[PDB]
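**Q** Quick mapping for you: the protein sequence lines, in order, are chains B and A.
The first sequence runs 214 to 262 under the deposited numbering.
The second sequence runs 509 to 557 under the deposited numbering.
The beta carbon of each residue, even a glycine, is placed where N, CA and C say it ideally should be.
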Amino acid sequence: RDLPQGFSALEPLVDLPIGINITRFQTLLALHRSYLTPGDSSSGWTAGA
Amino acid sequence: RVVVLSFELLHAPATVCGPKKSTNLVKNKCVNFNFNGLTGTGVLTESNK
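#1: Assuming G550 of chain A and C538 of chain A make a contact with CB atoms under 8 Å, what is their CB distance in whole Å?
#2: Where DSSP assigns a beta bridge to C525 of chain A, which residues make up the other side?
#3: Whole angstroms is fine: what's the gap from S555 of chain A's alpha carbon to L517 of chain A's?
#4: Check whether the segment 221-233 of chain B touches the segment 513-529 of chain A, counting contact only when three or more Cβ pairs, one atom from each stretch, lie closer than 8 Å.
#5: If you draw a straight line from the C-alpha of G219 of chain B to the C-alpha of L242 of chain B, how long is it?
#6: Can you check whether the C-beta of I235 of chain B is within less than 9 Å of a C-beta belonging to chain A?
#7: Assuming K535 of chain A and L552 of chain A form a contact by the criterion Cβ under 8 Å, report the distance between their Cβ atoms to the nearest whole angstrom.
#8: Please state whether DSSP places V534 of chain A in a helix, a strand or coil.
As structure tokens, then:
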């Protein structure tokens with residue numbers, strides 16, 4: 214668990230000329246319909262840790 | 509046949525523009541330069557950086 218102690222500088226990835234007024238955001242998570250590993254038998258959605 | 513081109517100068521970034529000029533790149537002589545909007549005057553030389 215937790216963030217590691219240490220210094221790290223993030224590099225530029227991309228810059229988009231999109232002009233929209235953002236005030237809110239949300240994360241997108243994967244939900245697996247089935248098992249995390251082939252050959253389980255439990256029903257419905259799961260997520261990996 | 510008719511086409512009407514029309515242009516918006518609106519508040520989001522300027523985003524469509526006409527094709528920018530370019531020239532040969534001379535070295536070891538005093539010149540004026542523009543590099544991607546960076547203007548100046550100088551002797552241009554192959555860097556060790």
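**A** From the atom records:
#1: 7 Å
#2: Answer is none; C525 of chain A lacks a bridge partner.
#3: 40 Å
#4: yes
#5: 27 Å
#6: no
#7: 5 Å
#8: coil
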